[PDB]
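These notes are about the structure you will find just below.
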Ligand SMILES: [Cl-]
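Residue numbers (PDB author numbering): 30 to 166.
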């Protein structure tokens with residue numbers, strides 16, 4: 030209850046990029062932070078955007094790609110900018126592309142969404158564990 034109230038007090042900040050945009054969108058959903066709401070924490074996301082835009086072709090299977098989302102992140106106190114928690118999250122997904130360009134792009138974008146969703150889930154669990162420490166006994 031207070032942990033869920035604490036999670037939605039976290040405002041996710043990302044610099045220009047598809048990865049940070051997708052991860053921020055996923056975290057705003059997972060954290061339940063409503064835009065315009067008061068923020069107790071600022072979560073800064075540093076996605077390796079070049080690595081995230083690159084789907085790497087795999088051997089053995091035709092049009093199979095591996096996509097990697099690497100994120101360094103800092104949790105700050107929204108009032109004084111002190112770093113109160115940090116982390117590193119590395120997520121990998123595969124997508125099975127197609128000879129057709131529309132389908133090939135759809136597969137890649139779905140892979141990117143799935144990477145961002147799993148990265149969001151890993152960070153949300155890490156932050157919920159941190160905010161759970163905050164709950165009295
Ligand atoms: Cl993590």
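Don't be surprised by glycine CBs; every beta carbon is placed ideally from N, CA and C.
In chain order, which continuous runs of the beta strand (DSSP E) of length 3 or greater are located wholly inside the segment 82-144?
93-106 and 112-125
Closer than 7 angstroms from C-beta to any heavy atom of ligand 1: which residues, in chain order?
116, 117, 118, 151, 152 and 155
Which first and last residues belong to the alpha helix (DSSP H) in which residue 54 is found?
47-60
Cβ neighbour criterion (16 or more within 10 Å) applied to residue 122:
buried
May I ask you to report which of helix, strand or coil DSSP gives residue 71?
strand
How close, in whole Å, do the beta carbons of residue 124 and residue 96 come, if the pair is a contact with beta carbons under 8 angstroms?
7 angstroms
Once you ignore the five residues that flank residue 120 on each side, which residues in its own chain have a CB closer than 6 angstroms to its CB?
98, 144, 147 and 148
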